[PDB]
Amino acid sequence: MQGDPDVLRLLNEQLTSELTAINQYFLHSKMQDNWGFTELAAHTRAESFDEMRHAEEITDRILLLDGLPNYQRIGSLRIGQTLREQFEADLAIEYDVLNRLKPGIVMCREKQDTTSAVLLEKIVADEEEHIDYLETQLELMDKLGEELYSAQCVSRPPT
Amino acid sequence: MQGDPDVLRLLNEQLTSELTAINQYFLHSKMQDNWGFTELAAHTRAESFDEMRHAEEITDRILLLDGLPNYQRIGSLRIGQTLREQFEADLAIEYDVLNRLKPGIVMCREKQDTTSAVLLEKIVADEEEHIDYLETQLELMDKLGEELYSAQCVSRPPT
Amino acid sequence: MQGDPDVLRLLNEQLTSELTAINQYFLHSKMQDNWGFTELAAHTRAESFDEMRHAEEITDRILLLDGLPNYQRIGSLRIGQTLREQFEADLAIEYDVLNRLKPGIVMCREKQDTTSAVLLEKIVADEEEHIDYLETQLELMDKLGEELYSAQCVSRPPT
Amino acid sequence: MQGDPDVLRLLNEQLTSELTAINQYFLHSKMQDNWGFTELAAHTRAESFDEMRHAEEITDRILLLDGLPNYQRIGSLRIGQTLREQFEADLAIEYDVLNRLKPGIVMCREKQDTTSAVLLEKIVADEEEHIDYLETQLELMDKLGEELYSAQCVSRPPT
Amino acid sequence: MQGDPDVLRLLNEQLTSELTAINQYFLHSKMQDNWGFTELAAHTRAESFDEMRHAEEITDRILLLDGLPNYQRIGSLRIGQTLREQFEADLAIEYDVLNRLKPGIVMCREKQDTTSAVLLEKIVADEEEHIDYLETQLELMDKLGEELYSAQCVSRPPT
Amino acid sequence: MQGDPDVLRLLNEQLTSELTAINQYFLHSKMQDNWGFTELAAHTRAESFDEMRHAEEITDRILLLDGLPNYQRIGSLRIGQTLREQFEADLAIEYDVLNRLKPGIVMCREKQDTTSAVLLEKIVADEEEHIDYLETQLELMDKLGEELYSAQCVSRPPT
Amino acid sequence: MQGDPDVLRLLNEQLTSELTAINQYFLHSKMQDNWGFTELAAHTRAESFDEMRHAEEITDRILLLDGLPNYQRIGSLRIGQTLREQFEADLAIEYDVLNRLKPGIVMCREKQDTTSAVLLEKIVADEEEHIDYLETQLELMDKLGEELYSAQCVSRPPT
């Protein structure tokens, strides 16, 4: 049984987004750890691994639909040079997901592929929470001031 | 609390298809077990028990909607005389499910019955997986050869 | 502390090779799994995860040398459409690694970066074993024959 | 305490055979493992270690009889390039053992050295079983076909 | 067994450096503890004990090479009066180590003393990580501000 | 994958030395045990088993390199008639290993085969240590006096 | 809180002696261990670690007194070439401690610094005991005879 060509292309575009985010988040976590923000880095690393899960799920869906998962293509990394830049770069990816997926889900259901729809609805919900988390860190950076904020991202003592 | 008569009719149609699948899968597994393919048989038998669970969830839904679950009607069994035929026979039932539930779900949602819809979406998801497994079994029969595939279905020694 | 720029170029090239390998091995694993070769897929999946460890190790080193780990660039995937093509495709990557690392190690040592050299020596040893595994599988295919080899790669019963 | 000179010679010849067998079987196990026949390899390896135990028992007896255990001399290895060859090679050693030890035991008892007699009687009993196993393996190859037989020697999946 | 005279000299110089580092780091840990930066103190102290382990490993190698471990000689301590100074002082030792050991290792290998080479390669790897940590600490001080940074070094409450 | 002819020859010469050592050490332990030096014999025996491990490692590396491990050829055994002679005879083998492997390693690295080099470097480190142990035993005999030294080799009471 | 200049100088002279002792004793244990006197070496080593403890205590008392602990200066090492010489060399250090600390304590108490006096009194009690031990070892050598005494220092068998 073959999936709908547009649904499949939508899934591959999402796949590319996940692969991009895996790399971007993973690199950020390494950088964060390298700067001594070890506590922050553990969180960002986990976000990276969650993206790997999404990526695998999508790959599973594509193969079931008899498509070809695209592992060759990658989007453009935005690698931040400060904590703030990193949060904002990560926000950018997440917002791009929502813009793609919101109308994509509607399309999936019009094409009577609810299983694909449901998988993307799951992703939307996960990205909304991450977007919320990030936007809250940026808020706290302003409420706290950048130094005091950063201090909450190191262990005691710093390592 | 009375359900939409069309939604109700759809649910009863799906229940008929579950009860048919239960009998078909169960019998196929007894045959497989009776032929010597005991390892395969256990798998088929479990598939039968999952159909039972689906049938019961459908029954619950119908009763909740004040409908009358149809336990009288059974569709036409396709009993396979070879492992290949049995896989093809089970495969044909699942495709009927998809063919019915795809527009079924869209309809449920238009009639503003999301709970019934979510039940059918769950079923579509499981059926797709089972279709994939069965289609994959048939491909494996071609790659391995009939005899070779069949030998992976018996225990050691054969019981 | 600043790393030798050629050493850093070498590490980044190898990084790209690891990332290419992660994707290629992961996809091959999902394809093998989707064909029914569930026993083989588990192994291949594990080979993919070692590549991820390697990539992190190289990343750590690059960061320590105050370099810029490249997560943007990816090599050409070689995707196989049979078990044989897959083994050959994965072999081609590994062989590339050796050819790059054999001179690289000598070079790292001429440049007095032994930590980087030892890292790459470790990689070489691993790749040598993976190559030996792959090449042995290809041999087995011939000794046992395609089908019979394939049968050793499915569970009982097949899943 | 001094041993009879012919008994000591008989014992030292048997030792050479053990030492020969140790090396032959161990290399075979290595080559079988290297080939992917890892299940067979473990058995062959175990056979090598039993040979080591024989060799040590013979050494003990020689030392007790105030003789000189010969660890310098070795027989000619027959290294097989196929599973069948390896079995026939191993068989050939085991037969030489019977041919030597049968008259040897009668001799030991004639010379009233029953302890050496009993040691040699145990080795004969052990070699007969090993020979029988090798013969069965050669037979199974004929009954199952070589490829099919080989497949019973790999693990699932082939490691 | 006699060691090469230059290798032995290289080894004894490294020993002096270890002995120097042991004392410097230990005093620093004591002064950090004494200042109330008790969380930092424990890490620094641990660093001192790793130095002790290095020193013992070097001594073992010298003794094995029939040389004379020099425990009389010591380098000039650089005792810091601020946390920043202490970090810079400690850094200065670690850099001298790299500067000595880099050419030293090539020399050991030229003289075909690989065991001494490997020991020195391990120390380099360890020193690079320590240097990186010190650099990160210096950086964190800049990013967090000195007071804020210091506060990440006291316990709650300050003991 | 095919190994360099000089590296393979180097590895095989070393394998010959390991096999030779295994025999010499094992027989020495048996003699020591038969003289009543049961405590010393246990250590000598364990040394033999370590040689067995090295021989397996070399064998594996040869097989990976697609060479033929030589199990046919054994070096000349020096079998000591006193503890001192045994000690000295074992020293002579070990010093031959160092003699070969020192330029051997350098050549391995010139030929860009680091995995092989690293195996031999490990072997050299172990041998340097066994030489230390043996030379110290010989020193102890001179210090304590042979009778007294021998007494430390027996159990209480002697067995 | 500021300590008396003579008390501080007293404490620092003693610290210098502890640091000197640590080195002399540790190196002696390493030599003893390398001569095969492994049992004796363990005790000598533990003595070194006890000196380390005294040095930390003195360091703490100095810091509390607001002085500068001297970790730059080490006394003259007497490194014995035989057990007897090592024993005698260690005695000489210990007797110097008593020589200093005896009037040292009295002066401490005249200056109304009992905490410091009590630390030194503890040190003296420990040293008197280590002197007893060492003098008894030297007596034992005369009684048993050096060879025999040495034999009690090795394990069975010697390692």
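Points worth noting:
The first chain written gets the first letter, and so on, giving A, B, C, D, E, F and G; residue counts start at 1 in each chain.
What we mean here is this: a residue touches a chain if its C-beta (ideal position, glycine included) is under 8 Å from a C-beta of that chain, and two chains touch if they have at least 3 such contacts.
Labels paired with UniProt names: A, B, C, D, E, F, G = Bacterioferritin BfrA.
In terms of C-beta pairs in contact, E-G outnumbers the other of E-G and E-F.
The pair E-F is the one among E-F, E-G or A-C whose contacts match those of C-F for more than half of the residue pairs. The centroid of the Cα atoms in subunit B (Bacterioferritin BfrA) and the matching centroid in subunit E (Bacterioferritin BfrA) are 69 Å apart. Centre to centre, using the average C-alpha position, subunit B (Bacterioferritin BfrA) and subunit D (Bacterioferritin BfrA) are separated by 58 Å. Between subunit B (Bacterioferritin BfrA) and subunit C (Bacterioferritin BfrA) the centroid-to-centroid distance comes to 41 Å (mean Cα coordinates, whole Å). If each chain is reduced to the centroid of its CA atoms, subunit A (Bacterioferritin BfrA) and subunit B (Bacterioferritin BfrA) end up 36 Å from each other.
Among all residues of subunit F (Bacterioferritin BfrA), those that touch two or more other chains are 132.
Interface residues of subunit C (Bacterioferritin BfrA), counted against subunit F (Bacterioferritin BfrA) in their complex, comprise 102-103, 105-106, 121, 124-125, 128-129, 131-132, 135.
Those residues of subunit A (Bacterioferritin BfrA) that touch subunit B (Bacterioferritin BfrA) in the shared complex are 1, 64, 109, 112, 114-115, 118. In the complex of the two chains, the subunit G (Bacterioferritin BfrA) residues touching subunit E (Bacterioferritin BfrA) come out as 19, 23-24, 26-27, 30-31, 34, 56, 59-60, 63, 69, 71-72, 74, 76-77, 79. Subunit C (Bacterioferritin BfrA) meets subunit D (Bacterioferritin BfrA) in the complex at residues 37, 39-40, 42-43, 133, 136-137, 139-140, 143-145, 148-149, 151-153, 155. Those residues of subunit D (Bacterioferritin BfrA) lying in contact with subunit C (Bacterioferritin BfrA) across their complex are 34-36, 147-148, 150-151, 154-159.
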